[PDB]
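After the C-alpha cells below, expect a handful of questions from me.
Worth knowing before you read on, the calculation uses all heavy atoms, side chains too, and leaves out hydrogens, waters and symmetry mates. Naming convention: chains lettered A, B, ... in sequence-line order (proteins, then strands); numbering from 1 in each chain.
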Amino acid sequence: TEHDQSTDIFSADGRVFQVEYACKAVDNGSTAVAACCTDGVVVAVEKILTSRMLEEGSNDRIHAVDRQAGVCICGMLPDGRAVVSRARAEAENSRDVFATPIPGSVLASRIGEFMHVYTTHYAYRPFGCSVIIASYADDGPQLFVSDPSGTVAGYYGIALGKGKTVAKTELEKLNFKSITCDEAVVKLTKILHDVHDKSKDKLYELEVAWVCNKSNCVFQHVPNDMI
Amino acid sequence: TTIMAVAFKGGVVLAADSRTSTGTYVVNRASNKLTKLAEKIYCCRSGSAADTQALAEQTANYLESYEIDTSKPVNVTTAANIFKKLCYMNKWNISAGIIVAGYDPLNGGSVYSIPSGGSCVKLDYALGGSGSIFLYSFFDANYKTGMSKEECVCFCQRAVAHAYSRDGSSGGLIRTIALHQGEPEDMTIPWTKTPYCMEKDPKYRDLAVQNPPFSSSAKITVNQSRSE
C-alpha cells in the first residue's frame, strides 16, 4: 500500500488514488446546485458559517471570471481560489490576444487542462475542489463542472457536495426547456433549504448568482431581496 | 503596390495589382498580394514582401489553431487583432502595410486597415501601398455605399487600373477576391483587358507639340516628323 502517496503513480488496477482522495474532500464539503435555463444560468451554494461574527460576504464561493462568466468553488476554498485566478488569466488572454469574450466551452476546457496537470507530477497534489462554470458568451448559456481529475462535462442541471444525492433527485423534477432564471432562483433555493442538515451545521447562509438576459449578460450575485 | 478592400452588403471585395519591384526593375510581374488567412479571411499585403509573407504565415498558423480549439469559424476581428499585434511588436524592424478583410456570420463583411506603425482601424473601405495616394480622390468622387457584389468587383478593378496607370511601382494583372456567405470568388484580369490605361485613353492619343519645325512664324501646329 505504498501506491497511494504520490499522484505520479498508477495502482495495479489502473486507478490514481491521490485523485480519488481529493475527490473525497469535495464530497464532504458544502452542497451547491446549478441550472442552465432558457435565458441564462443560475448557481446557488450553501455557505456553512464557522462563527456568528463573520461579516457578510466572507468566504464567498462564487467569483466572477469575466464580464460574462463566473465560477462556484465546491470543496476546499483556497484551492478553488487558485483555479479562479487561472480562469481570469484565460478570460483576459482571450480578450487580449483574440479580441473575443472567451466561449464557455473553451474556458471550461482550459480549467480542466489546468486541474489535470496537478494530477501528473510527483511534486504537486491534485486540487481539492470542483469548479462549476457558468457562462453566457456568444455560444449561449452554458454550465460546466471541472473536477480534481480534470474531467469536464456540460450539464443542464447539477449538484455537488454532501447533499448531492437528494438535490439530484429534486433537480430531476424540473423542466429544462421552459424554466427561466427567475423561477430557478426560487426552486434551487428551496432545494438547498431541504437538503440542509440541522443537527450538524447550525449556521449557514445561501449565496446565489446568475448570468441572464435580465442582467444584460453580466455575471453577478443576485440582489439580496429575492430569496 | 496598390491594394484595397471594400465592404458591400453581405461581404467584402479585396483587390490588388500584381507587381513586385526593386525600385526601377520588375522582379515579379505576377505576384499574389491577396493572401489567405482562413476560409473567409484574407489580407492584402504591401511593403516588404519578405516581412508580409512571414507575418501572414504566422497569423494563419495562429488562426487555424484557434479554430480547432473553439471548433468554430473565426471572426474577422480576431484575424485583425492577431496581425495588428505582430505589426505593432515589430514596428521598428519591418516595412508593412496590411488590410485584413473577411466575412463572418456575426458581423458580416469587415475591413481593417493596419498601416505602418501598427494601428488598427475599422472601415468601410481601405486603401494601401504606394498606389493608394492616387485613389483617395477617386473614391471621394466616385465611390458609393450600397454597392452589390458585382458593382464592387467592377469598381475595385477600375480603381486598381487607375492607380497602376500612374504609379511606376504598380502594374501587371489585377487580382480580386469576393468573400461573403457563399464560396470565395477570385478573378484575375490581364493587362490587355484592363478597364483603364493611358495608352488607350483618347485624350492622350495626340502628342504634345514639343518639337515644332524651324519656321518663319511663331505659330505652333505639329511636331516635325521628317527631316528637311
Checklist entry - Is there a donor-acceptor pair closer than 3.5 Å between any side-chain N or O of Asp104(B) and the backbone N or O of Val76(B)? => result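 Yes.
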Checklist entry - Okay, side chain of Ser58(A), backbone of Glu55(A): is any donor-acceptor separation there less than 3.5 Å? => result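 No, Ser58(A) side chain to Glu55(A) backbone: no donor-acceptor pair under 3.5 Å.
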Next on the checklist: Counting only heavy atoms from other residues, nucleotides and ligands, does the tally under 6.0 Å from CG of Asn224(A) exceed 12?
Outcome noted: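 Atom CG in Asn224(A) is not packed in, count stays at 12 or less.
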Item to check | Flag if over 12 foreign heavy atoms under 6.0 Å of CE, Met187(B) | outcome: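 Counting neighbours around CE of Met187(B), 12 or fewer heavy atoms of other residues, nucleotides or ligands fall under 6.0 Å, so no.
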Checklist entry - Centroid-to-centroid, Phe127(A) to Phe114(A), below 6.0 Å? => result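 For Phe127(A) and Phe114(A), the ring centres are under 6.0 Å apart.
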Checklist entry - How long is the gap from CD on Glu151(B) to CZ on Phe8(B), to the nearest 0.5 Å? => result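 Spacing of CD (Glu151(B)) from CZ (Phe8(B)) equals 11.0 Å.
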Item to check | Parallel, tilted or perpendicular, as decided by the 30° and 60° cut-offs, for the rings of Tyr204(A) and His193(A) | outcome: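 The arrangement is perpendicular - the two ring planes meet at more than 60°.
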Next on the checklist: To the closest 0.5 Å, what do you measure between CG (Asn75(B)) and NZ (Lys40(B))?
Outcome noted: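 The distance works out to 12.5 Å.
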Item to check | Neighbour count >12 (heavy atoms, 6.0 Å) for atom CZ, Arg95(A) | outcome: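 More than 12 heavy atoms, drawn from other residues, nucleotides or ligands, come within 6.0 Å of this atom.
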Checklist entry - How long is the gap from CZ on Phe83(B) to OH on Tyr112(B), to the nearest 0.5 Å? => result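 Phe83(B) atom CZ to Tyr112(B) atom OH measures 14.5 Å (nearest 0.5 Å).
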Item to check | Backbone N/O of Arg29(B) and side chain of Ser18(B): donor-acceptor pair under 3.5 Å | outcome: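 Pair found, side chain donor or acceptor close to backbone of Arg29(B).
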Checklist entry - Between the main-chain N or O of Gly163(A) and the side-chain N or O of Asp197(A), is there a donor-acceptor pair closer than 3.5 Å? => result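 Pair absent, no side-chain N/O of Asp197(A) close to backbone of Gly163(A).
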Next on the checklist: Atom NZ of residue position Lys85(B) - does it have more than 12 heavy atoms of other residues, nucleotides or ligands inside 6.0 Å?
Outcome noted: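 Open.
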